[PDB]
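Heads up: the structure comes next, in structure tokens.
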Amino acid sequence: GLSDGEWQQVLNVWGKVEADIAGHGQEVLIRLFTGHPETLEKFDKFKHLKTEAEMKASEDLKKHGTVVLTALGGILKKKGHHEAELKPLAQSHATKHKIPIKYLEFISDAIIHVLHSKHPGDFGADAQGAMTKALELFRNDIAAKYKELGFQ
Ligand code: HEM
């Protein structure tokens, strides 16, 4: 449950991401994969990436980063009214990709890390609070769908 002012902060922060969705998406995934190498194993199409240099050079990783952040941005712009947008992602990530909710926590924190890394001094405490709450809401609603599906 975010206030109007918190959603305003979220969407203000998101404008930073939308200016360079592929660069943000790439860095989010690289942060996820390098911080939590087990997550790489969930991607048949990225498990060949042995080094961060290879990850950085991967155009397909940037492409997927764009897909991920485009989806997330579409969800965030719903300001919590995202059941229709979230449902297929929860279902695909539980049933097809088999992504534990822990990895969604990892990527949520990776987003925060990337925002500070790319916008140092420009991702204020209020913005971090609002973005964190929005990612918690996202993760929590996914978690509810995971529970429905019995997925761990
Ligand atoms: C912000 C959180 C995430 C968003 C918005 C997101 C979004 C997406 C989207 C839109 C797709 C393609 C459509 C689909 O298959 O449903 C996808 C595919 C996929 N996602 Fe995610 N995802 C997120 C987090 C994760 C995490 C944390 C993992 C694993 C650690 C993961 C693993 C995968 C895999 C393996 C695929 C299939 C990739 C392929 O083979 O093309 N996702 N994701």
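By the numbers in Swiss-Prot, the shown part of chain A spans 2-153.
According to its header, the structure was obtained by X-ray crystallography, 1.4 Å.
Any Cβ shown, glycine's included, is placed from N, Cα and C.
In Swiss-Prot this protein carries:
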- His65: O2 binding site (BINDING)
- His94: heme b binding site (BINDING)
- 2-148: domain 'Globin' (DOMAIN)
- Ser4: phosphoserine (MOD_RES)
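Long-range C-beta contacts of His65 (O2 binding site), restricted to its own chain and to partners at least six residues apart, with a cutoff below 8 Å, comprise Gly26, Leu30, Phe44, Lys46, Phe47.
In the three-state DSSP assignment, the secondary structure recorded for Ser4 (phosphoserine) is coil. The two recorded residues, the residue listed as 'phosphoserine' and the residue listed as 'heme b binding site', show a Cα separation of 28 Å. Around the residue listed as 'heme b binding site', the same-chain residues six or more apart in sequence whose CB sits under 8 Å from its CB are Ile100, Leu105, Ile143, listed in sequence order.
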